[PDB]
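>>> Got an experimental structure here, sequence first:
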Amino acid sequence: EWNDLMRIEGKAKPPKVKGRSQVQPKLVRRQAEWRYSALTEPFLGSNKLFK
Amino acid sequence: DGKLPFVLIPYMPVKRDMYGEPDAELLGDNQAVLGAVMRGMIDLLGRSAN
Amino acid sequence: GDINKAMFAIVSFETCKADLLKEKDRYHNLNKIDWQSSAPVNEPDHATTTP
Amino acid sequence: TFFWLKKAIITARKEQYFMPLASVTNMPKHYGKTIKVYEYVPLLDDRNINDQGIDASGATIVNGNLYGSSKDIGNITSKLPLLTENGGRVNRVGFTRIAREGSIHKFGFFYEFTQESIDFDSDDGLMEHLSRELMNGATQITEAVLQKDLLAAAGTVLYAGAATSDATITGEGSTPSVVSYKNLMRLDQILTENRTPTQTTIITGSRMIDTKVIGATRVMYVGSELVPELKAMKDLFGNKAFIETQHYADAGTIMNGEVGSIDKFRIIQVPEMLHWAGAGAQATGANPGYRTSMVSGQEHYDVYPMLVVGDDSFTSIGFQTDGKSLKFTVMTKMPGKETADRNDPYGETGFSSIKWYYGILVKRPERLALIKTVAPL
Amino acid sequence: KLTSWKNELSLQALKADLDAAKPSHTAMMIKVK
């Protein structure tokens, strides 16, 4: 279900009508999008990984 | 070296997969809606008698 | 999900007869091939900028 | 709305047994669509019908070969090549060669889908599924066609019981047309006389109790309908004949889809095995229980293949177009705007199509053998 | 035979591998296009 919320599949998809829109902005994906590269960087800062 | 002589590089990694994703995935719908709005404004200005 | 774990890889490229004759001993059976049948225009799946 | 499990109950791909047997002979491009080979007959066979004959007397004779495949001692004595003290221009021989050929045909099929359908669909990954069933159907059809061609080009045919043609095959009478031990023994005799090479080797015994020795040197493919009859079959002295893979599982390698061993044949059950339906005498109310089928309102019996393939019998022609596809060229075009039919805007209705070339060459048809029979319910 | 190996690949094996792997690649190229 959490992956369903992030990727907009399953129940996360909006209902379909012929004469109306099907746009859903992605909040969870964005919130995680800064968190990823916020967290990854300390492990890639130097040539040596273990001290 | 003894390996396959190819080097593979992803832009946006997808967890547990070879390939990557560009940023068009996130932007296609916004591009369409913005284009529609701009066309509407040009229609207002162009059709009216001046 | 790892390129190193792959068992095989296949790549297609354009080449002329002079390139093959550059290293003669590496290649065999050059005479049997017909060049007209295998050309960039005849093979459609190959994607190129050649007119 | 409900809570779908998102598991996609799917059915796997049915196995194929005849196709791995067949070797593939490539057809080079720019050469037409036919393949031919020579066959050189021996000196002493009846197929050597030539005119270069001079008998030991010194006169011309019709038969170029000394004597045919005949084994009569008197005929051999009459037709021996003899020589004299001052021999010259007495015995002459002749040779011939025979050509064989096979050609190629074309198959293919597509399907259509729409943009609305592909996206608004509840299940995601639909096109992956549709591609999967497309490929499965293609492989199944390839197998069916190859099996049909092999069944049609069989060389040696043994009708079970006392029948003479498919029409004479019947399940009612003094002698019903079913398999018996003598038929298998005769088929072995014929195949040995045809010089067909053996496939398997004799199985000697193990040291564990109840294990039974098996001597079988050929592989026989039968359907699922005939297996109960093969199980109930009894040998000449009334004992059980079908020896299950149970007993010789030790000290032997059990092939795929093998039910058991009988006489000299290692039975290999094949799931998708074809059978002519409604080809036999008209069934009556005295049907002991054998399968029947409807033909133009009147019932008829069913004939079943029971086939064995010998080595070097045939090779399957193949045509590799382009240089990237060994058969099965696949195209898919998504229902975009440019992909709509030119008279229809709002791009929709993409499709996917596959096509392939198939053909078969029968090098020697004497090695293929076939026993027609009726199958019980 | 081009080489002296006991077991040699032959062209059918390679092309079979290519046609086995091709369906996934064909699906992937749709997204890039």
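Right, received. Where do you want to start? Residues are numbered from 1 along each chain as shown, chains lettered A, B, ... in the order given.

>>> Give the burial count for residue 10, as a bare number.
Picking chain A for this. 15 (other Cβ atoms under 10 Å in any protein chain shown). No exception for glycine: its C-beta is placed from N, CA and C like everyone else's.

>>> wrong one, I was asking about chain D
8.

>>> Setting the sequence-adjacent residues aside, check what's closest to residue D:63.
Of all residues beyond its chain neighbours, the one nearest residue D:63 is residue D:53 (5.6 Å), with distances taken as Cβ to Cβ, 6 or more residues apart in numbering or on different chains.

>>> show me the contacts for that neighbour.
When the contact criterion is Cβ atoms under 8 Å, 6 or more residues apart in numbering or on different chains, the partners of residue D:53 are D:60, D:61, D:62, D:63, D:64, D:92, D:94.

>>> redo that, cut-off 10 Å
Applying Cβ atoms under 10 Å, 6 or more residues apart in numbering or on different chains, one finds that residue D:53 lies in contact with D:59, D:60, D:61, D:62, D:63, D:64, D:65, D:66, D:91, D:92, D:93, D:94.

>>> which of those has the most neighbours?
When neighbours are counted by other Cβ under 10 Å, residue D:65 leads those with 23 neighbours.

>>> So that one, which state does it fall into?
coil (DSSP: H, G, I helix; E, B strand; the rest coil).

>>> is it true that it touches residue D:42?
Yes: in terms of Cβ atoms under 10 Å, residue D:65 counts as a neighbour of residue D:42; the distance is 8.7 Å.

>>> which residues are common contacts for the two?
Between them, residue D:65 and residue D:42 have D:48, D:95 as joint contacts when contacts are counted by Cβ under 10 Å, 6+ apart.

>>> What is the neighbour count of residue D:233?
17.

>>> for chain C, what spans make up the helices?
In order along the chain, chain C carries the following helices (DSSP state H): C:17-22.

>>> residues in it within reach of chain D, list them.
Residues of chain C lying near chain D by Cβ under 10 Å from any Cβ of the partner chain: C:10, C:12, C:32, C:34, C:36, C:37, C:38, C:42, C:43, C:44, C:45, C:46.

>>> can you rerun that using 6 Å?
Proximity of chain C to chain D (Cβ under 6 Å from any Cβ of the partner chain) is limited to residues C:37, C:43, C:45.

>>> Between these, which sits nearest chain B?
The shortest separation between chain B and any of the residues of chain C next to chain D is 19.2 Å, and it belongs to residue C:45 (by Cβ to the nearest Cβ).

>>> dump the residue contacts of whichever residue of chain B sits closest to chain A.
When you check chain B against chain A by Cβ to the nearest Cβ, the closest residue turns out to be residue B:29, at 5.8 Å. When contacts are counted by Cβ atoms under 6 Å, 6 or more residues apart in numbering or on different chains, residue B:29 is found next to residue A:23.

>>> Am I right that residue E:28 is in a strand?
No: following the definition three-state DSSP, residue E:28 is helix and is not counted among the residues of a strand.

>>> Skipping adjacent residues, who's closest to residue E:1 in space?
Counting by Cβ to Cβ, 6+ apart, residue E:8 is the residue found nearest to residue E:1 once chain neighbours are left out, at 5.8 Å.

>>> no, scratch that, I was asking about residue D:153
Spatial nearest neighbour of residue D:153, excluding adjacent residues (Cβ to Cβ, 6+ apart): residue D:362 at 5.1 Å.

>>> With residue D:188 instead?
Spatially, and ignoring its direct neighbours in sequence, residue D:188 is nearest to residue D:264 (4.9 Å; Cβ to Cβ, 6+ apart).

>>> So the one you found sits against residue D:214, correct?
No: applying Cβ atoms under 6 Å as the test, residue D:264 and residue D:214 come out as separate, 9.7 Å apart.

>>> neighbours around residue 40, how many?
I'll assume chain A. Around residue A:40 sit 10 other residues, with neighbours defined as other Cβ under 10 Å.

>>> wait, I meant chain B there
Neighbours of residue B:40 under the rule other Cβ under 10 Å: 9.

>>> Would you mind giving the secondary structure of it?
In three-state terms, and counting by three-state DSSP, residue B:40 is helix.

>>> separation between it and residue D:191?
Taking Cβ to Cβ, to the nearest Å as the measure, residue B:40 and residue D:191 are separated by 83 Å.

>>> burial count for the closest residue to chain E within the stretch 151-300 of chain D?
Distances between the stretch 151-300 of chain D and chain E by Cβ to the nearest Cβ are smallest at residue D:256, namely 19.3 Å. By the other Cβ under 10 Å criterion, the neighbourhood of residue D:256 contains 9 residues.

>>> Could you verify that it is part of a helix?
No: with three-state DSSP as the criterion, residue D:256 is assigned coil and is not in a helix.

>>> Assign the residue in chain A positioned nearest to chain C to helix, strand or coil.
Taking Cβ to the nearest Cβ as the measure, chain A has residue A:3 as its residue closest to chain C, at 16.5 Å. Following three-state DSSP, we place residue A:3 in the helix state.

>>> how near is it to residue D:118?
Here the criterion is Cβ to Cβ. By it, residue A:3 lies 21 Å from residue D:118.
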